[PDB]
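K.L.:
So I've got this file, protein_13.pdb, and it contains PDB, C-alpha atoms and all ligand atoms:
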MODEL        1
ATOM      1  CA  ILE A   1    -188.819 -24.897  51.570
ATOM      2  CA  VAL A   2    -189.510 -28.111  53.504
ATOM      3  CA  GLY A   3    -188.071 -31.395  52.252
ATOM      4  CA  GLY A   4    -186.191 -29.844  49.355
ATOM      5  CA  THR A   5    -182.500 -29.651  48.490
ATOM      6  CA  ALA A   6    -179.894 -27.025  47.670
ATOM      7  CA  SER A   7    -180.297 -25.346  44.298
ATOM      8  CA  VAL A   8    -177.462 -25.084  41.769
ATOM      9  CA  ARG A   9    -176.299 -21.515  41.213
ATOM     10  CA  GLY A  10    -178.185 -19.910  38.332
ATOM     11  CA  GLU A  11    -180.697 -22.757  38.252
ATOM     12  CA  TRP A  12    -183.633 -20.442  39.021
ATOM     13  CA  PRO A  13    -182.530 -17.108  37.435
ATOM     14  CA  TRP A  14    -185.952 -15.454  37.824
ATOM     15  CA  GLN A  15    -185.860 -15.941  41.602
ATOM     16  CA  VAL A  16    -185.040 -12.866  43.666
ATOM     17  CA  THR A  17    -184.815 -12.290  47.393
ATOM     18  CA  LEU A  18    -186.694  -9.256  48.699
ATOM     19  CA  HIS A  19    -185.103  -7.663  51.756
ATOM     20  CA  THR A  20    -186.376  -5.052  54.163
ATOM     21  CA  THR A  21    -183.836  -2.764  55.833
ATOM     22  CA  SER A  22    -185.926  -2.048  58.940
ATOM     23  CA  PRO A  23    -184.840  -2.341  61.732
ATOM     24  CA  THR A  24    -181.813  -4.162  60.338
ATOM     25  CA  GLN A  25    -181.631  -5.855  56.941
ATOM     26  CA  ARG A  26    -183.192  -9.307  56.513
ATOM     27  CA  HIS A  27    -184.916 -11.490  53.923
ATOM     28  CA  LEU A  28    -188.623 -10.644  53.733
ATOM     29  CA  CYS A  29    -190.047 -12.547  50.785
ATOM     30  CA  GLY A  30    -189.267 -14.233  47.504
ATOM     31  CA  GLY A  31    -190.181 -12.809  44.112
ATOM     32  CA  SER A  32    -189.868 -13.414  40.371
ATOM     33  CA  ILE A  33    -188.336 -11.335  37.593
ATOM     34  CA  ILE A  34    -190.949 -11.053  34.837
ATOM     35  CA  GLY A  35    -189.663  -7.917  33.121
ATOM     36  CA  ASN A  36    -186.590  -5.647  33.113
ATOM     37  CA  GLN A  37    -188.147  -3.383  35.742
ATOM     38  CA  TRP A  38    -190.754  -5.739  37.184
ATOM     39  CA  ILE A  39    -190.846  -8.270  40.018
ATOM     40  CA  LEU A  40    -194.013 -10.325  40.534
ATOM     41  CA  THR A  41    -194.587 -11.292  44.146
ATOM     42  CA  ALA A  42    -197.224 -11.691  46.878
ATOM     43  CA  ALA A  43    -199.189  -8.675  48.117
ATOM     44  CA  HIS A  44    -199.421 -10.024  51.641
ATOM     45  CA  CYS A  45    -195.635  -9.683  51.720
ATOM     46  CA  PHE A  46    -196.024  -5.976  52.322
ATOM     47  CA  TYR A  47    -197.870  -6.041  55.574
ATOM     48  CA  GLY A  48    -196.653  -3.161  57.737
ATOM     49  CA  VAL A  49    -194.589  -1.773  54.888
ATOM     50  CA  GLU A  50    -195.357   1.940  54.749
ATOM     51  CA  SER A  51    -192.817   2.705  52.031
ATOM     52  CA  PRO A  52    -190.845   1.149  49.154
ATOM     53  CA  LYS A  53    -187.758   2.920  50.510
ATOM     54  CA  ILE A  54    -187.086   0.149  53.019
ATOM     55  CA  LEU A  55    -187.100  -2.487  50.273
ATOM     56  CA  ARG A  56    -184.165  -3.978  48.394
ATOM     57  CA  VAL A  57    -184.377  -6.559  45.632
ATOM     58  CA  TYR A  58    -181.368  -8.810  45.053
ATOM     59  CA  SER A  59    -181.139 -10.821  41.824
ATOM     60  CA  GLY A  60    -178.767 -13.604  40.802
ATOM     61  CA  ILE A  61    -178.405 -14.800  44.396
ATOM     62  CA  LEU A  62    -177.794 -18.381  45.503
ATOM     63  CA  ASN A  63    -176.574 -17.938  49.075
ATOM     64  CA  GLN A  64    -177.805 -15.156  51.358
ATOM     65  CA  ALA A  65    -174.159 -14.879  52.440
ATOM     66  CA  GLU A  66    -173.476 -13.235  49.075
ATOM     67  CA  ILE A  67    -175.469 -10.307  50.415
ATOM     68  CA  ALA A  68    -173.470  -7.695  52.329
ATOM     69  CA  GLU A  69    -173.305  -3.924  52.805
ATOM     70  CA  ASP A  70    -171.296  -3.541  49.586
ATOM     71  CA  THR A  71    -173.512  -5.810  47.468
ATOM     72  CA  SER A  72    -175.433  -4.072  44.686
ATOM     73  CA  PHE A  73    -179.224  -4.282  44.795
ATOM     74  CA  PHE A  74    -182.279  -2.889  43.023
ATOM     75  CA  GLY A  75    -184.292  -0.141  44.654
ATOM     76  CA  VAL A  76    -188.072  -0.329  44.598
ATOM     77  CA  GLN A  77    -189.844   2.623  43.033
ATOM     78  CA  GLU A  78    -193.392   1.438  43.565
ATOM     79  CA  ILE A  79    -195.334  -1.356  45.214
ATOM     80  CA  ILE A  80    -198.446  -2.275  43.233
ATOM     81  CA  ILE A  81    -200.965  -4.290  45.254
ATOM     82  CA  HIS A  82    -204.034  -5.758  43.568
ATOM     83  CA  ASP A  83    -206.986  -3.535  44.502
ATOM     84  CA  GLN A  84    -209.118  -6.501  45.594
ATOM     85  CA  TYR A  85    -206.492  -7.962  47.943
ATOM     86  CA  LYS A  86    -207.531  -8.141  51.583
ATOM     87  CA  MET A  87    -205.656 -11.181  52.873
ATOM     88  CA  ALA A  88    -203.806 -14.156  51.392
ATOM     89  CA  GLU A  89    -206.454 -16.730  52.315
ATOM     90  CA  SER A  90    -209.094 -14.680  50.448
ATOM     91  CA  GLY A  91    -207.174 -14.564  47.166
ATOM     92  CA  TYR A  92    -205.767 -11.799  44.965
ATOM     93  CA  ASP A  93    -202.451 -12.246  46.756
ATOM     94  CA  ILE A  94    -200.413 -10.679  43.978
ATOM     95  CA  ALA A  95    -198.262  -7.577  43.718
ATOM     96  CA  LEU A  96    -195.803  -5.901  41.384
ATOM     97  CA  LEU A  97    -192.609  -4.149  42.368
ATOM     98  CA  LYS A  98    -191.484  -1.531  39.886
ATOM     99  CA  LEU A  99    -187.708  -1.288  40.268
ATOM    100  CA  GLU A 100    -185.861   2.054  40.356
ATOM    101  CA  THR A 101    -183.467   0.684  37.737
ATOM    102  CA  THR A 102    -183.465  -1.939  35.005
ATOM    103  CA  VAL A 103    -182.205  -5.497  35.387
ATOM    104  CA  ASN A 104    -179.427  -6.348  32.919
ATOM    105  CA  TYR A 105    -180.189  -9.961  32.084
ATOM    106  CA  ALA A 106    -177.481 -12.616  32.165
ATOM    107  CA  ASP A 107    -177.256 -16.337  32.856
ATOM    108  CA  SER A 108    -177.686 -15.653  36.581
ATOM    109  CA  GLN A 109    -180.692 -13.362  36.214
ATOM    110  CA  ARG A 110    -183.381 -13.483  33.535
ATOM    111  CA  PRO A 111    -187.208 -13.233  33.418
ATOM    112  CA  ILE A 112    -189.593 -16.178  33.586
ATOM    113  CA  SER A 113    -192.385 -16.480  31.037
ATOM    114  CA  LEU A 114    -195.941 -15.875  32.231
ATOM    115  CA  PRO A 115    -198.457 -18.623  31.490
ATOM    116  CA  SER A 116    -200.748 -18.155  28.494
ATOM    117  CA  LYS A 117    -204.545 -18.127  28.716
ATOM    118  CA  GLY A 118    -204.425 -20.963  26.228
ATOM    119  CA  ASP A 119    -202.404 -22.996  28.710
ATOM    120  CA  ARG A 120    -205.202 -23.375  31.262
ATOM    121  CA  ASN A 121    -205.681 -26.930  30.021
ATOM    122  CA  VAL A 122    -202.025 -27.865  30.277
ATOM    123  CA  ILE A 123    -201.287 -30.499  32.897
ATOM    124  CA  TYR A 124    -197.970 -29.287  34.279
ATOM    125  CA  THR A 125    -196.196 -32.390  35.590
ATOM    126  CA  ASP A 126    -192.808 -30.808  36.288
ATOM    127  CA  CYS A 127    -193.350 -28.088  38.879
ATOM    128  CA  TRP A 128    -190.865 -26.743  41.421
ATOM    129  CA  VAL A 129    -191.190 -24.403  44.387
ATOM    130  CA  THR A 130    -188.098 -22.460  45.477
ATOM    131  CA  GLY A 131    -187.028 -20.107  48.239
ATOM    132  CA  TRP A 132    -184.924 -19.317  51.294
ATOM    133  CA  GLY A 133    -187.809 -20.028  53.656
ATOM    134  CA  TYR A 134    -188.078 -22.310  56.685
ATOM    135  CA  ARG A 135    -187.107 -25.969  56.339
ATOM    136  CA  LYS A 136    -189.545 -26.668  59.160
ATOM    137  CA  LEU A 137    -192.451 -24.896  60.886
ATOM    138  CA  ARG A 138    -190.285 -23.340  63.602
ATOM    139  CA  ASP A 139    -187.086 -22.504  61.756
ATOM    140  CA  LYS A 140    -185.183 -19.593  60.229
ATOM    141  CA  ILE A 141    -184.241 -18.155  56.832
ATOM    142  CA  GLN A 142    -181.928 -20.475  54.910
ATOM    143  CA  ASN A 143    -178.607 -19.401  53.438
ATOM    144  CA  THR A 144    -178.822 -21.496  50.263
ATOM    145  CA  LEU A 145    -181.821 -21.270  47.917
ATOM    146  CA  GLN A 146    -183.815 -24.500  48.223
ATOM    147  CA  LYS A 147    -185.877 -26.341  45.628
ATOM    148  CA  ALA A 148    -188.554 -29.015  45.838
ATOM    149  CA  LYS A 149    -190.489 -30.717  43.065
ATOM    150  CA  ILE A 150    -194.175 -30.849  43.966
ATOM    151  CA  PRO A 151    -197.240 -32.165  42.121
ATOM    152  CA  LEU A 152    -200.226 -29.942  41.452
ATOM    153  CA  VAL A 153    -203.558 -30.993  42.945
ATOM    154  CA  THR A 154    -206.988 -30.187  41.526
ATOM    155  CA  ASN A 155    -208.798 -27.239  43.079
ATOM    156  CA  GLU A 156    -211.580 -29.647  44.050
ATOM    157  CA  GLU A 157    -208.975 -31.815  45.770
ATOM    158  CA  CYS A 158    -207.577 -28.744  47.530
ATOM    159  CA  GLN A 159    -210.979 -27.492  48.693
ATOM    160  CA  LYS A 160    -211.421 -30.859  50.399
ATOM    161  CA  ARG A 161    -208.301 -30.193  52.461
ATOM    162  CA  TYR A 162    -209.461 -26.701  53.331
ATOM    163  CA  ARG A 163    -213.137 -27.031  54.107
ATOM    164  CA  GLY A 164    -212.639 -23.924  56.237
ATOM    165  CA  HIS A 165    -211.636 -21.808  53.290
ATOM    166  CA  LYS A 166    -212.772 -21.092  49.769
ATOM    167  CA  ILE A 167    -210.285 -22.340  47.171
ATOM    168  CA  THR A 168    -211.205 -20.279  44.121
ATOM    169  CA  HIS A 169    -210.138 -20.818  40.516
ATOM    170  CA  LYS A 170    -207.746 -17.914  41.087
ATOM    171  CA  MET A 171    -205.711 -20.135  43.398
ATOM    172  CA  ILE A 172    -203.804 -23.294  42.590
ATOM    173  CA  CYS A 173    -202.498 -25.880  45.042
ATOM    174  CA  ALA A 174    -199.554 -28.266  45.161
ATOM    175  CA  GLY A 175    -198.435 -30.921  47.624
ATOM    176  CA  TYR A 176    -198.116 -34.590  48.500
ATOM    177  CA  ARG A 177    -201.036 -36.489  49.985
ATOM    178  CA  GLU A 178    -198.605 -37.576  52.693
ATOM    179  CA  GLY A 179    -196.857 -34.219  52.729
ATOM    180  CA  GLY A 180    -193.114 -33.997  53.259
ATOM    181  CA  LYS A 181    -192.403 -31.364  50.601
ATOM    182  CA  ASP A 182    -193.820 -27.834  50.617
ATOM    183  CA  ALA A 183    -193.001 -24.142  50.698
ATOM    184  CA  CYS A 184    -192.882 -22.586  54.177
ATOM    185  CA  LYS A 185    -192.274 -19.296  56.008
ATOM    186  CA  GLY A 186    -190.012 -17.001  54.019
ATOM    187  CA  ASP A 187    -190.898 -18.542  50.663
ATOM    188  CA  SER A 188    -193.877 -16.204  50.242
ATOM    189  CA  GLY A 189    -193.833 -14.292  46.977
ATOM    190  CA  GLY A 190    -191.737 -17.101  45.599
ATOM    191  CA  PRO A 191    -192.456 -18.596  42.162
ATOM    192  CA  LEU A 192    -194.006 -21.984  41.491
ATOM    193  CA  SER A 193    -192.155 -22.755  38.268
ATOM    194  CA  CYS A 194    -193.394 -25.517  35.975
ATOM    195  CA  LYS A 195    -191.430 -26.703  32.948
ATOM    196  CA  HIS A 196    -193.704 -27.372  29.976
ATOM    197  CA  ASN A 197    -192.412 -28.026  26.469
ATOM    198  CA  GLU A 198    -188.851 -27.208  27.522
ATOM    199  CA  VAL A 199    -189.960 -23.816  28.808
ATOM    200  CA  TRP A 200    -190.414 -22.612  32.383
ATOM    201  CA  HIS A 201    -193.698 -20.898  33.197
ATOM    202  CA  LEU A 202    -194.568 -18.870  36.297
ATOM    203  CA  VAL A 203    -197.629 -20.920  37.236
ATOM    204  CA  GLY A 204    -198.062 -19.827  40.836
ATOM    205  CA  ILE A 205    -196.862 -17.466  43.554
ATOM    206  CA  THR A 206    -196.250 -18.932  47.013
ATOM    207  CA  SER A 207    -199.061 -17.606  49.203
ATOM    208  CA  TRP A 208    -200.293 -19.625  52.194
ATOM    209  CA  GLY A 209    -200.829 -23.005  53.796
ATOM    210  CA  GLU A 210    -201.920 -24.631  57.055
ATOM    211  CA  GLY A 211    -198.585 -25.345  58.691
ATOM    212  CA  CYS A 212    -195.853 -26.615  56.351
ATOM    213  CA  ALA A 213    -195.696 -29.899  54.436
ATOM    214  CA  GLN A 214    -198.419 -31.430  56.607
ATOM    215  CA  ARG A 215    -200.223 -34.440  55.180
ATOM    216  CA  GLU A 216    -203.462 -33.561  53.386
ATOM    217  CA  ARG A 217    -202.527 -29.874  53.560
ATOM    218  CA  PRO A 218    -201.263 -28.723  50.114
ATOM    219  CA  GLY A 219    -199.498 -25.408  49.697
ATOM    220  CA  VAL A 220    -201.768 -22.745  48.231
ATOM    221  CA  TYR A 221    -200.575 -20.427  45.458
ATOM    222  CA  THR A 222    -201.897 -17.472  43.490
ATOM    223  CA  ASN A 223    -202.978 -18.850  40.089
ATOM    224  CA  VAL A 224    -200.923 -16.561  37.855
ATOM    225  CA  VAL A 225    -202.631 -17.261  34.519
ATOM    226  CA  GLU A 226    -205.714 -15.611  36.048
ATOM    227  CA  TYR A 227    -203.829 -12.325  36.384
ATOM    228  CA  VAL A 228    -202.164 -11.861  32.987
ATOM    229  CA  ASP A 229    -204.592  -9.062  32.103
ATOM    230  CA  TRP A 230    -203.963  -7.384  35.466
ATOM    231  CA  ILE A 231    -200.199  -7.723  35.059
ATOM    232  CA  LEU A 232    -200.285  -6.268  31.544
ATOM    233  CA  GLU A 233    -202.501  -3.407  32.667
ATOM    234  CA  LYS A 234    -200.325  -2.546  35.661
ATOM    235  CA  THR A 235    -197.102  -2.932  33.688
ATOM    236  CA  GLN A 236    -198.195  -0.714  30.810
ATOM    237  CA  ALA A 237    -196.914   2.758  31.674
TER     238      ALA A 237
HETATM  239  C1  LIG B 301    -194.737 -16.539  53.426
HETATM  240  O1  LIG B 301    -193.419 -17.022  53.231
HETATM  241  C2  LIG B 301    -195.600 -17.717  53.925
HETATM  242  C3  LIG B 301    -195.650 -18.865  52.895
HETATM  243  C4  LIG B 301    -196.110 -20.173  53.559
HETATM  244  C5  LIG B 301    -196.711 -21.134  52.537
HETATM  245  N1  LIG B 301    -197.117 -22.357  53.238
HETATM  246  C6  LIG B 301    -197.300 -23.571  52.688
HETATM  247  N2  LIG B 301    -197.113 -23.760  51.373
HETATM  248  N3  LIG B 301    -197.670 -24.593  53.471
HETATM  249  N4  LIG B 301    -196.959 -17.281  54.123
HETATM  250  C7  LIG B 301    -197.578 -17.206  55.294
HETATM  251  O2  LIG B 301    -197.041 -17.512  56.363
HETATM  252  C8  LIG B 301    -199.021 -16.709  55.230
HETATM  253  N5  LIG B 301    -199.844 -17.397  56.241
HETATM  254  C9  LIG B 301    -200.055 -18.730  56.258
HETATM  255  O3  LIG B 301    -199.562 -19.504  55.419
HETATM  256  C10 LIG B 301    -200.956 -19.275  57.373
HETATM  257  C11 LIG B 301    -202.232 -19.899  56.765
HETATM  258  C12 LIG B 301    -203.106 -20.704  57.761
HETATM  259  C13 LIG B 301    -204.309 -21.262  56.998
HETATM  260  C14 LIG B 301    -203.638 -19.836  58.916
HETATM  261  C15 LIG B 301    -199.109 -15.171  55.390
HETATM  262  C16 LIG B 301    -200.519 -14.696  55.020
HETATM  263  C17 LIG B 301    -198.747 -14.653  56.798
HETATM  264  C18 LIG B 301    -194.660 -15.367  54.421
HETATM  265  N6  LIG B 301    -195.603 -14.490  54.430
HETATM  266  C19 LIG B 301    -195.346 -13.523  55.391
HETATM  267  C20 LIG B 301    -194.163 -13.753  56.078
HETATM  268  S1  LIG B 301    -193.364 -15.164  55.540
ENDMDL
END
Just dump the structure as structure tokens.
Ligand SMILES: *[C@](=O)([C]([C][C][C][N][C]([N])[N])[N]C(=O)[C]([N]C(=O)[C][C][C]([C])[C])[C]([C])[C])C1=N[C]=[C]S1

P.N.:
Amino acid sequence: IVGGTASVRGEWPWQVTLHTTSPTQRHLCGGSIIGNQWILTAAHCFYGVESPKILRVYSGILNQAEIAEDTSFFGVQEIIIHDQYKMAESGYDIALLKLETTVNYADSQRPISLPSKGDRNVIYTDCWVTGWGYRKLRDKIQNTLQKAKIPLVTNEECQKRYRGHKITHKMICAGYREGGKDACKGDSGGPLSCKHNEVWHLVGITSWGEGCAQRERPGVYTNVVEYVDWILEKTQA
């Protein structure tokens, strides 16, 4: 997260850190708890990943330092990538991680509500992006989960900043005209939480962006409301 600040412990209970154990353990991507055995994240976060056996999901984490060899984690039973996903910039950057065990909810770890199809008219004005990603283009994974409030921008506005790409209605962008605040490397798979009517909704999933926090270069996210049917279908045993 560029231009953000340290999060308060338990402030973003749906946020999880996805680690890979190969060659040695490290933070791979962010993710969101949406069900007792389900993590919603980015599909492009599994590039090179031949098996779910090298994955570990940690919930209720604030500082990466809390993670050690003796720290409990959730195993991943299955990685579910959207069948139309090819690459982040082309859309469909969404994936589900079915955990080997169930998450026992508590104040430090609970699921975030998915947006409703009826809410596609809502004008979320209180949106936050979170993660342990870079605080600058050339950086490293942060110890403390960061947060940054960022305004949504119209898809038409976003397309203007990415005349090289196709910003579809299945994507949603957020950023400042002058930049300064944005998600960055390591935040991928992270949630783009927006508080509407006193309730947090998983509006987007951190996907891609040209550089990080550059002026006239909004962060691009998977537009979650467009995948509620997919999520339900893939979550229904
Ligand atoms: C993800 O953590 C990052 C998320 C960066 C989001 N950036 C932003 N909001 N400004 N994703 C990537 O790095 C992504 N590629 C790009 O963003 C480059 C896009 C330009 C247009 C070429 C992936 C597809 C590689 C991570 N994802 C993988 C490792 S960290």

K.L.:
Give the answer as one residue: which of A:19, A:181, A:234, A:195 has the shortest atom-to-atom distance to residue 219 (chain A), using only C-alpha atoms?

P.N.:
A:181

K.L.:
Check which residues fall inside 7 Å of ligand LIG 301 (chain B) when counting only C-alpha atoms and all ligand atoms, and print them as a VMD selection string.

P.N.:
chain A and resid 28 to 29 44 to 45 87 to 89 133 182 to 189 206 to 213 218 to 220

K.L.:
Counting all atoms listed in the file, which of A:120, A:136, A:201, A:53 gets nearest to residue 32 (chain A)?

P.N.:
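So, comparing all the options, the nearest one is A:201.
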
K.L.:
Calculated over all atoms listed in the file, which of the candidates A:113, A:37, A:197, A:159 has the smallest distance to residue 97 (chain A)?

P.N.:
A:37

K.L.:
For this file, the PyMOL selection byres (((chain A and resi 200) around 12) and not hetatm) selects which residues, as number ranges by chain?

P.N.:
A: 11-14, 34, 110-116, 124-128, 191-199, 201-204

K.L.:
Figure out the distance between CA of residue 31 (chain A) and CA of residue 98 (chain A), please, to one decimal in Å.

P.N.:
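Interatomic distance here is 12.1 Å.
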
K.L.:
Which residues are close to residue 153 (chain A), i.e. within 7 Å by only C-alpha atoms, leaving aside same-chain residues fewer than 6 positions away? Reply as a PyMOL selection string.

P.N.:
chain A and resi 173-175

K.L.:
Please produce a file of those selected residues containing C-alpha atoms, as a CSV table (one decimal), in the coordinates of the input.

P.N.:
chain,number,residue,atom,x,y,z
A,173,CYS,CA,-202.5,-25.9,45.0
A,174,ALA,CA,-199.6,-28.3,45.2
A,175,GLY,CA,-198.4,-30.9,47.6

K.L.:
Quick one: distance from CA of residue 71 (chain A) to CA of residue 107 (chain A) in Å, one decimal?

P.N.:
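Interatomic distance, CA of residue 71 (chain A) to CA of residue 107 (chain A): 18.4 Å.
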